[PDB]
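**Q** I would like to see how this sequence folds:
(one chain, ligands or ions: 2)
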Amino acid sequence: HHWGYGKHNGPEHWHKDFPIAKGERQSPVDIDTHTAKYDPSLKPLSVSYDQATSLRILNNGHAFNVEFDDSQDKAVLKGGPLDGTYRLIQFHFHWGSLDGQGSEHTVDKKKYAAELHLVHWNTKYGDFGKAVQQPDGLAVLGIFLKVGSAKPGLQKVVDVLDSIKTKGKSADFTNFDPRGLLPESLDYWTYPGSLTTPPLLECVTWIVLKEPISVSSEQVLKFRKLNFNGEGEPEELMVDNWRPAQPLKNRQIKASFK
Ligand SMILES: NS(=O)(=O)c1ccc(NC(=O)Nc2cccc([N+](=O)[O-])c2)cc1
Ligand SMILES: [Zn+2]
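**A** Residues are numbered from 1 along each chain as shown. Ligands and ions are numbered 1, 2, ... in the order given. Next comes the structure:
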């Protein structure tokens, strides 16, 4: 509630409340494409979202989350580097004030305009709160966004943002199909990392897709009209809610493709 993305509470301050900010497996990272190792034993990713049940969209003061019913195996991620079944609980984005920045992961130091995170937790741990305490508790599928053509599957999200302008606002958001947010290819890089916001827990297997999706200038402009603040507090536009790349330290990024 103290932390954020401003000059006085931004990523460079987080370590004072959350010392794991300087830990051994922090995210995001830069993905050096020439140094990533193809790993022929990585299985294809299995994204099974056909029974997904979205419930609600919420402005939480740092981003907006579209939440799903995760009380049964309705939308799950399996395969790739993962063992077992991971259930979709929410997705959200990080984005910039300018098209030239906004993603958390970078690719050969390149920043994308935004980055989508589809967050899943390992069902062997029973619930999300237990999963985040485990080194293999979460799998987050990260997808880069660049500005170009509109993404039709994103539009329903863009159109509800006026109803959740400020922190703490939520709206019903049922029957949304997250398959409309995926690129054509599921080729990916993978490495062990962390949540990219406090509490920065080191519980995530990151799976970052090689192929970005394109969204229109009008779509990302609507992201930038959201507010970090609550209604009746001074207006601060919700932009640049991304953490910069952290040191790779003792990790190797693996690639599913060559
Ligand atoms: N930026 S990220 O590393 O992908 C990230 C992913 C997940 C979280 N945390 C949550 O999803 N927390 C949470 C906790 C309770 C309930 C729900 N939810 O219903 O969406 C979500 C923080 C950062
Ligand atoms: Zn995120």
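
**Q** Next to ligand 1, which bits of this protein? Give me the list.
**A** Proximity of the chain to ligand 1, by CB under 6 Å from any ligand atom, involves residues 65, 67, 89-90, 117, 119, 128, 140, 195-197. The way it works is simple: take the backbone N, C-alpha and C, and place the C-beta from them, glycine included.

**Q** again, 8 Å this time
**A** Applying the criterion CB under 8 Å from any ligand atom, the portion of the chain that neighbours ligand 1 consists of 27, 58, 63, 65, 67-68, 70, 89-90, 92, 94, 104, 117, 119, 128-129, 132, 138, 140, 142, 194-197, 204.

**Q** Could you tell me which of those residues belong to helices?
**A** Taking DSSP state H as the definition of helices, these contribute 128-129.

**Q** Any chance of a ChimeraX selection covering the buried ones in the residues of the chain next to ligand 1?
**A** Buried residues among these (16 or more other CB atoms under 10 Å), as a ChimeraX selection:
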select :27,58,63,65,67,68,70,89,90,92,94,104,117,119,128,132,138,140,142,194,195,196,197,204
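
**Q** Keep only those of the residues of the chain next to ligand 1 that are in strands.
**A** With strands identified by DSSP state E, the entries of these that belong to them are 58, 65, 67-68, 89-90, 92, 94, 117, 119, 138, 140, 142, 204.

**Q** With distance to residue 211 as added columns, please give these in TSV.
**A** Converted to TSV, these look like this (distance: CB to CB, whole Å):
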residue	distance to residue 211
58	28
65	24
67	26
68	23
89	24
90	22
92	20
94	18
117	16
119	20
138	22
140	17
142	12
204	21
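
**Q** Which of the residues you listed sits closest to residue 237?
**A** The shortest distance between residue 237 and any of these, using CB to CB, involves residue 94 and amounts to 14.3 Å.

**Q** Grab the nearest non-local neighbour of residue 5.
**A** Sequence neighbours aside, residue 241 is the residue nearest to residue 5 in space, at 5.2 Å (criterion: CB to CB, 6 or more residues apart in numbering).

**Q** Who are the contact partners of residue 105?
**A** For residue 105, the set of contacting residues under the criterion of CB atoms under 8 Å, 6 or more residues apart in numbering consists of 27-31, 115, 142, 144, 206, 208, 245.

**Q** now it: how far from ligand 1?
**A** Summarising the geometry, the distance separating residue 105 from ligand 1, computed by CB to the nearest ligand atom, to the nearest Å, is 11 Å.

**Q** Need the nearest residue in space to that residue, chain neighbours excluded.
**A** The shortest distance from residue 105 to any non-neighbouring residue, by CB to CB, 6+ apart, is to residue 28 (4.4 Å).

**Q** tally of neighbours for the one you found?
**A** A total of 23 residues lie near residue 28 under the criterion other CB atoms under 10 Å.

**Q** Pretty sure it sits against residue 245.
**A** Yes. Between residue 28 and residue 245 a contact is recorded at 5.5 Å, counting by CB atoms under 8 Å.

**Q** joint contacts of these two?
**A** Among the neighbours of residue 28, those also in contact with residue 245 (CB under 8 Å, 6+ apart) are 104-106.

**Q** Residue 147 bridge partners, please.
**A** Partner residues in beta bridges with residue 147, using DSSP bridges, are residue 215.

**Q** What's the local residue count around it?
**A** In terms of burial, residue 147 registers 18 neighbours under the definition other CB under 10 Å.

**Q** dump the residue contacts of it.
**A** Taking CB under 8 Å, 6+ apart, one finds 99, 113, 214-217, 220 in contact with residue 147.
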